[PDB]
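Everything below concerns the one structure shown next.
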Amino acid sequence: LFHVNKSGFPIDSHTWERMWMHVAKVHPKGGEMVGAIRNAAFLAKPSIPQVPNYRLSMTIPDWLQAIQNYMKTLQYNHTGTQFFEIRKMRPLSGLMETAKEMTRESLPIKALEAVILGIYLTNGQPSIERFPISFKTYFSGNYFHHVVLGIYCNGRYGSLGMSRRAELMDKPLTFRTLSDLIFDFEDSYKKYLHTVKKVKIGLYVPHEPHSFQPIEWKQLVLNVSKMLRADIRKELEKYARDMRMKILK
Amino acid sequence: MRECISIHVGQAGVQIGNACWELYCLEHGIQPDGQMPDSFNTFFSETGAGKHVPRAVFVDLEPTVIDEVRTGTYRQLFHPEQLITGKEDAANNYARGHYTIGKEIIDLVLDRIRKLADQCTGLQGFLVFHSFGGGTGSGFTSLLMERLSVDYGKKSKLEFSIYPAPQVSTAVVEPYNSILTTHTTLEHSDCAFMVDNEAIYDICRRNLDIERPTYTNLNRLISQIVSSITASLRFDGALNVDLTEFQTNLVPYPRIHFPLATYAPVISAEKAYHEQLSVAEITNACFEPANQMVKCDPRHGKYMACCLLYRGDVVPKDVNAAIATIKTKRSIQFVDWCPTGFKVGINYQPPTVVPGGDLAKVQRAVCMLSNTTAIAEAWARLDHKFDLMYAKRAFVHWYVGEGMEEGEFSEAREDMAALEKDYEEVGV
Amino acid sequence: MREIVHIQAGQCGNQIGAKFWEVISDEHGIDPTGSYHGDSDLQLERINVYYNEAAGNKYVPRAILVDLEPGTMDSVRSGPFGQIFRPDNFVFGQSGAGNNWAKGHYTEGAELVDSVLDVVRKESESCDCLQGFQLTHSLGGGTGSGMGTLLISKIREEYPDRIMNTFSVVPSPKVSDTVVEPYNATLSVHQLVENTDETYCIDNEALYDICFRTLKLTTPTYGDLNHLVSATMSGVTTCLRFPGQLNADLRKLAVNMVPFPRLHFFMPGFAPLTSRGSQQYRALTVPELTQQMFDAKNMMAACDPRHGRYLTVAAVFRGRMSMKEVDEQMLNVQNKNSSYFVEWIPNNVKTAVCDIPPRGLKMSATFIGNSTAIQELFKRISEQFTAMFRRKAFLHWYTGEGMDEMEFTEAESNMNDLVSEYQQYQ
Amino acid sequence: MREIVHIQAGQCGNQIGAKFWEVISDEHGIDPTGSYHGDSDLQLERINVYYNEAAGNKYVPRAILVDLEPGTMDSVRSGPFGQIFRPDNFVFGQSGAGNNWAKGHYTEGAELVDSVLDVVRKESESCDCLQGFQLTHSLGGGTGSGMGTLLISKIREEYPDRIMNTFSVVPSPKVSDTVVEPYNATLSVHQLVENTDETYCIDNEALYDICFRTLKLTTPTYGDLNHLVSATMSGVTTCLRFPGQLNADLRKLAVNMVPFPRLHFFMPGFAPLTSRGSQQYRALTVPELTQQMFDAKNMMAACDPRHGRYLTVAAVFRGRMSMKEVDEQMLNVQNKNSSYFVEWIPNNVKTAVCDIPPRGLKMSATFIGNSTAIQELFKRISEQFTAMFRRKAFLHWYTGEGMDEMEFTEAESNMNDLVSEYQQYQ
Ligand SMILES: Nc1nc2c(ncn2[C@@H]2O[C@H](COP(=O)(O)CP(=O)(O)OP(=O)(O)O)[C@@H](O)[C@H]2O)c(=O)[nH]1
Ligand SMILES: Nc1nc2c(ncn2[C@@H]2O[C@H](COP(=O)(O)CP(=O)(O)OP(=O)(O)O)[C@@H](O)[C@H]2O)c(=O)[nH]1
Ligand SMILES: Nc1nc2c(ncn2[C@@H]2O[C@H](COP(=O)(O)OP(=O)(O)OP(=O)(O)O)[C@@H](O)[C@H]2O)c(=O)[nH]1
Ligand SMILES: [Mg+2]
Ligand SMILES: [Mg+2]
Ligand SMILES: [Mg+2]
């Protein structure tokens, strides 16, 4: 499994050599390009993507699109080594500090820190409202998990996130219902012959950055595979109504 | 060990709770100030120096009725914090109670329910009192019932609602509120007990011969029924029926849990002299259509399951003879798949009489609960009322503007269509 | 908590407000000096709805008296129950509007409205849970019709969540003193529809008839009409101030009585009304009150409901009384008079009860009717407007202080719309 | 210990100081003969702050009086409470400054400065722990504007480590009784910025508005304005003399309210100010005091606080009152008015509470604000300055006293500099 940087910055010797051993092992050709990049005297300096700023004139779907293209520009991590250690139960303010230092450094990003970045970017807009979604799925005799960030601006459901695949990480605000969104995710997942087993939905995140409220991820959980989609849709629409009225607590 | 905590919501709930707690205080001997001059353990808690505090939580979004209780004759009984108030009522609006004004107060009451439940060694269940017509007693009870179901998933909740009457009404948007409350009272309850004001008015006009009754008489009768239900936990008798034994023998299918109560003998203090009041007579009186506390016709429906909770000077042989006589009647039509449908319980404690009430000092009484199918009609009329208003979308702008959406009306109506279909399905 | 700010504009507003405050003070047992001498404790625990406490156990009304002539203020402070008002709350101008809508809404009312808003704001933050406002004025004039419209327009912007009430005395067809009532009436009632919640229309001809036949008064004057209107004012809002078997506060009447958002033009009524000579010949019971309320000769708007069904009705009873009598009688009155009710409303009556009757009486009842027959008032007013607008008469006085010709047509179109909507359900 | 020296220059300063000494003596229970006839022991406990004991157990104020015209001393000694001052502390000139700044600072002001420094020095060695000095004067003149600045410059040369508290009366545009105010005003404030720690600007226009509108006075003489200013002055220095729940002397206010060294110009307030008629229609609670303090019509300098933010605020309450009330009030006052407060200072209110209120009240509160709206005044003065200096009007009189012309340009430059510095944080 992919390992996590924990020495702050810069990267310590142990994690450095561990990552290089990992990439040497997995890469079939292996040592040639690895050693070439190690002993490369000069390499092209990557540019710094500029953090976009909210503007009132331009519309909110284009805002979500803009954050999505910036995230795409940030070169999604497939090196197999996390660079910013995240804790689920940690209070929100620590995650805001993590998000702002991550934007300062602008390194490769995975799904969890991608949705944290999305929360950090969208925290400035009371009209926009966002929450997490998680899937636990089954394929090839092993279980895998994925996480994305849903949005409910202007009475419409949309999705942001990251993945090595293309269509599993970005949807627009064009969904009347949350059920249509999650079933679209299920169909895209089936397109790769991966079976979703369980689906989990949390809560709207508070709009105050400097707070200690933790992020909820398990407030709703279903076993999607066993049950027929009608009951799933009914329970999900009940839950969406319970959420947008702020009743759940 | 055998304890229940009662919750009173809205004006109707609080005003019935007044009569209920007066009745319990008279039953167990407690003075209005709490000082007695071990059956009390079900409802009361001793707090040293011989002071008994009720296990009650009075709630309302308006400090006008709870203020009357606070300054009334029972000011020294309830714990001062148990009485919980707001600032502005729900205003006959479901959405004001369930969404806007209710969310600022629910935590303060759930904390006290938790604090009360911690004091119980063994908790039996809840007793929620409310009314369907109101906005507090619909939205707030929906919110509270959802939260209690999430928190205490095992305990059984028994509602005692005041269903709107066919003719007499004191509000223009009762159908909307009732249809919205039905979802919570069907999903989260265990035994909803429906009541009408017209039926009890007629009962006092015929039997008690009170030509100009008011809400005090109605609340006293309802309180007498509630005291009859929970008699087996407090006192002792030949055949005892607690809440879970009570729920079984009455609920054949998980959704069919809407019985309707009855009581007998209700008579004036002067008419008792000429009347024998034997067991057979009160048993027959319980089954007549003129003593039902819902304006409904039991003759057009079959009794699925029945339960006769006796109390006072009774012995099982007369009860058996009475039930045998009842079962051979042709008007009393039972359902085929229930060859026996009579649960019996007996207590040695006869009924009590409040000093200011117009009821006779009887020697034996019976509370008759029935899961009959006639109550569908009592719902059907109300659905008709809904159909007249929702066609024009009348009064809907208040509900949508308060926060609620519009599809909730349609889905509540379809759920009532489903419920009536289910009630018609059985008894075929 | 649940306290109401009261505003008075024009001459009708000021006089009716003086009478209304006299009635409320009598109800709570308040001196004309501000002290308290009530016998019961139920007169104090809700005194904060209308009154503020002061040093020395005195109570000051939460009123705001406004006009463009110091004569009205002088008359108010000189009369009885005059010195209880806070001196700062009086707000006056130099010279009256002189019966000109433009003068009281664009030129002279506008300069002074800032002070009035400041006083309203100071009064409103001195209370915790503000229920809403209520205003008294006239439609046929400049100072009351015009400036009060501006005042409610601004207060609705600074307080979008609260509730507004306007007891506006409406022009009468026959009883007429001024010659430009239609213009001011139309211009103000353009705005009254869109910035209030409950408009209780009143008409002087109906009150004159009530004093003539029902009370047999020899020479009735404005004191008696103001007394009846103030009785209605006190009757509407009793459930906020006293305990009752079935309470009904202002938002409850609003939710029950307003089916569609624009249909909120009610007319009131009051019972029992009887002559002093014929006091002894009435049995004084609930059926008498119920019959008198629904009579055609008792409503305080010059209109016969026989040409229009009742969308909704509210009845606030007061006194120690039964609940079966009230509900059964409100059923018989609705069954026999089925032609005079709308069929797509199953229940048309909202009953509320308070346990405290008025001072002299021992049981009373306030009636509020949202009938569809009130369209005829606006019909005759629009007819008069059209007749005087064909000539374009009296119009330079309006255009000469910052007003345009088009606004008159806009208001007339709006009133055609409103009358069409009320007629749509008949 | 922590004693204060009080100096008075000019007719305006002398009269305000006389009223201030009358107020202070009344607060401490001192007879006008200098004897003590009070009741409590708290009065004697800190009497040494403003007084010196003398043989016979009398108390003499620690005050110095200066002017260039002997009439003011005659009026002061003749007037009430004028005998308490010892004669040797009076010093006078031959001929007044004639509203000439250069005369009161270069020509005849130098020939008398030695006596005032000598008596100030003699008074400063009559103590052990000196907190600072305080001076009353007017910027619109020659005897208070010039001699005053000369005096504070000399003293700040002598005692760099102490503090000064100049309660200067600034000249108003509309209420002007002099032709050459801008020249003197600018020439003085050139030197006030550097040689002073706290300057409280007072304006006659705002004071007159307070008397007319709030106190409802008919003919406000200078006595009433001097009484208001004296009340503010006594409010500022109350924590030095009486105990409280949260004390705050002069240096604590200086560190709390001076974010940057040059931004030390304040405008005070005071509450409760109530007319005689409206005495009984008020409750006298902490919310009332806090609302009256922050009212735009309660400021003692003719500026609109709405036209700028508050860098820092102080409020010295006076009376037996809860602390939760104060904390919640000065919290919600910031919450509602977030636009009027600076974002980069998380807390803007330095609250202090004393226990002994004024003699004729139960509660009081002296408000001191440091807003960016003060510079308004300076711009107006600058405008008047550049109106007259362009054509060199009245300027030969100042050059005839040996003053050069470039000093006017330098002072105007300092004026633009200070106004820009205040404008910066907005
Ligand atoms: N019940 C009452 N009706 C009144 C009273 N005074 C007037 N009315 C009626 O009001 C009508 C005109 O009202 P106003 O004179 O107050 C119009 P307003 O003063 O607000 O504007 P200006 O005339 O420009 O001052 C008049 O025709 C009368 O028939 C009153 O005291 N009581
Ligand atoms: N609140 C008060 N303001 C005053 C008082 N006296 C003056 N002022 C104002 O002071 C301004 C000028 O004050 P002064 O007469 O003291 C000028 P000064 O005497 O220092 O110079 P010379 O006249 O040359 O001696 C004048 O415009 C008045 O508007 C006062 O007693 N109280
Ligand atoms: N039997 C009986 N019914 C009552 C009593 N009080 C009120 N009701 C009924 O309650 C119905 C309306 O519900 P309310 O309790 O008044 O409304 P609410 O629950 O208080 O909610 P709000 O309107 O927001 O105050 C009416 O139709 C009454 O018939 C009572 O004391 N006894
Ligand atoms: Mg209520
Ligand atoms: Mg007038
Ligand atoms: Mg002078």
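Which whole-number percent of Cα pairs in chain D have a distance greater than 36 Å?
23
Each copy carries a label point for D:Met1 at 7 Å from Cα toward Cβ; from one copy, the others' points are 5.1 nm away, ordered from shortest. When the Cα gyration tensor is reduced to axis lengths a ≥ b ≥ c, the ratio a/c is 1.5 or higher for the range C:265-375, and with a/b above b/c it is classed as prolate.
For the pair the range B:315-363 / the range C:212-231, the C-alpha centres are spaced 63 Å from each other. With Cα atoms defining each centre, the range D:353-426 and the range C:182-196 are spaced 52 Å apart in the structure.
In plain terms, the C-alpha convex hull of the range D:376-424 casts an average shadow of 3.5 nm² when viewed from every direction.
If you take the C-alpha gyration tensor of the range B:3-247, multiply each eigenvalue by 5 and take the square root, what semi-axes do you get, largest first, in whole Å?
Working: eigenvalues 134, 100, 72 Å².
Ellipsoid half-lengths, sorted descending, are 26, 22, 19 Å.
Using C-alpha pairs below 8 Å separated by at least 6 residues, the relative contact order for chain C is 16 percent. Each other copy holds its own label point for C:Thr33; taking that point as 7 Å from Cα along Cα to Cβ, the gaps run 4.2 nm, nearest first. Computed from Cα atoms alone, the Kirkwood hydrodynamic radius reported for the protein assembly as shown is 39.5 Å. Counting other Cβ atoms within 10 Å as a rough exposure proxy, the listed residues A:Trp20, D:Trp344 run D:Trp344, A:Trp20 from fewest neighbours to most.
When only alpha carbons are used to place a centre, the range C:98-164 and the range C:327-351 end up 38 Å from one another. Test of understanding: in a Gaussian network model of chain C with alpha carbons linked when under 10 Å, which of C:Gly56, C:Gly96, C:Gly144 would top the mean-square fluctuation ranking? Between C:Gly56, C:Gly96, C:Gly144, it is C:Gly56 that shows the largest mean-square fluctuation.
Considering only C:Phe378, C:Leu215, B:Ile30, the residue lying farthest towards the positive end of the dipole of the protein assembly as shown is B:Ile30, judged by Cα position with unit charges set on Cβ. Computed over Cα pairs, the Kirkwood radius of the range C:173-281 leads via Stokes-Einstein (0.890 mPa s, 25 °C) to a diffusion coefficient of 147 µm² per second. For chain C, DSSP calls about 40 percent of its internal beta bridges antiparallel. Value of Rg to Rh for the range C:8-136, rounded to two decimals, is 0.99; Kirkwood radius and Rg both from alpha-carbon coordinates.
Taking chain C as a Gaussian network of alpha-carbon nodes connected by springs under 10 Å, the highest mean-square fluctuation of the residues C:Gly269, C:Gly308, C:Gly402 belongs to C:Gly402. Tilt of helix A:178-191 relative to the longest C-alpha principal axis of chain A, in degrees (0 to 90, nearest 10)? Around 40 degrees separate the two axes.
Two-decimal Rg/Rh of the range C:337-395 from alpha-carbon positions, Kirkwood Rh?
On the way: Rg = 20.1 Å, Rh = 16.1 Å.
With Rg and the Kirkwood Rh in hand, the quotient comes to 1.24.
Most fluctuating residue of D:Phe92, D:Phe341, D:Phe212 in a GNM of chain D with Cα springs under 10 Å: which is it? In this elastic network of chain D, the residue with the biggest mean-square fluctuation among D:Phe92, D:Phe341, D:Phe212 is D:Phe212.
With the helix formula -39500 (n - 2.57) applied to DSSP H stretches of n ≥ 4, chain B reaches a computed 222 nm mean residue ellipticity of -11500 deg cm²/dmol.
Considering helices alone, the calculated mean residue ellipticity of chain A at 222 nm is -11500 deg cm²/dmol, with DSSP H runs of length four and up weighted by -39500 (n - 2.57) and normalised per residue. Here, chain A yields an orientationally averaged convex hull projection of 15.5 nm² when only Cα atoms define the hull. Decide, for the range C:66-156, between rounded, prolate and oblate: order the square roots of the alpha carbon gyration tensor eigenvalues as a ≥ b ≥ c, take rounded if a/c falls under 1.5, and otherwise choose prolate if a/b is larger than b/c, else oblate. Oblate, because a/c is 1.5 or more while a/b does not exceed b/c. In the range D:279-426, the DSSP beta bridges split such that about 55 percent are antiparallel, to the nearest 5. Computed from phi, the 3J(HN,Hα) profile of the range D:365-373 under the Karplus parametrisation 6.51, -1.76, 1.60 (θ = phi - 60°) reads 7, 9, 9, 10, x, 10, 9, 7, 7 Hz, with x in place of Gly and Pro. Helix content alone sets the calculated 222 nm mean residue ellipticity of chain C: runs of n ≥ 4 DSSP H residues at -39500 (n - 2.57) each, divided across all residues, give -11500 deg cm²/dmol.
Give me the percent of DSSP beta bridges within the protein assembly as shown that run antiparallel, rounded to the nearest 5.
Values: 76 of 163 bridges.
Among the beta bridges of the protein assembly as shown, antiparallel pairing accounts for roughly 45 percent.
Once you have a ≥ b ≥ c as the square roots of the Cα gyration tensor eigenvalues for the range B:1-42, tell me rounded if a/c is under 1.5, and otherwise prolate or oblate according to whether a/b is larger than b/c. Before the final figure, lay out each step's value.
Details: a/c = 2.85, a/b = 1.42, b/c = 2.00.
Oblate.
Each other residue within a Cβ distance under 15 Å of C:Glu401 adds +1 if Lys or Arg and -1 if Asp or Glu, for a net charge of -4.
For D:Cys239, neighbours were defined as the other residues whose beta-carbon sits under 15 Å from its Cβ, and their charges (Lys and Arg +1, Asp and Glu -1) total +1. Summarised as an ellipsoid, the range D:3-257 has semi-axes of 27, 22, 19 Å, derived from the eigenvalues of the Cα gyration tensor scaled by 5 and square-rooted, with the largest first. Label points for C:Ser115 are taken 7 Å from Cα along Cα→Cβ. From this copy to the others they lie 5.2 nm apart, shortest first.
By the equivalent-ellipsoid construction on the alpha carbon gyration tensor, the range A:194-249 comes out with semi-axes of 26, 14, 7 Å, ordered largest to smallest. Within a straight-line Cα-Cα reach of under 21 Å, D:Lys154 can be paired with the following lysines, leaving aside sequence neighbours fewer than 8 residues apart in one chain: D:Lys103, D:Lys122. Here the dipole of the range C:376-424 is about 340 debye; that uses its Cα centre as origin and unit charges on the Cβ of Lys and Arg (positive) and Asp and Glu (negative). For B:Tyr399, what charge total do you get from the other residues with a beta carbon under 12 Å from its beta carbon, if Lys and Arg give +1 and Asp and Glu give -1? Summing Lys/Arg as +1 and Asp/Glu as -1 gives -2.
No lab work stands behind these numbers, since they all come straight from the coordinates. Virtual Cβ from ideal backbone geometry, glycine too; neighbours counted across all protein chains shown.
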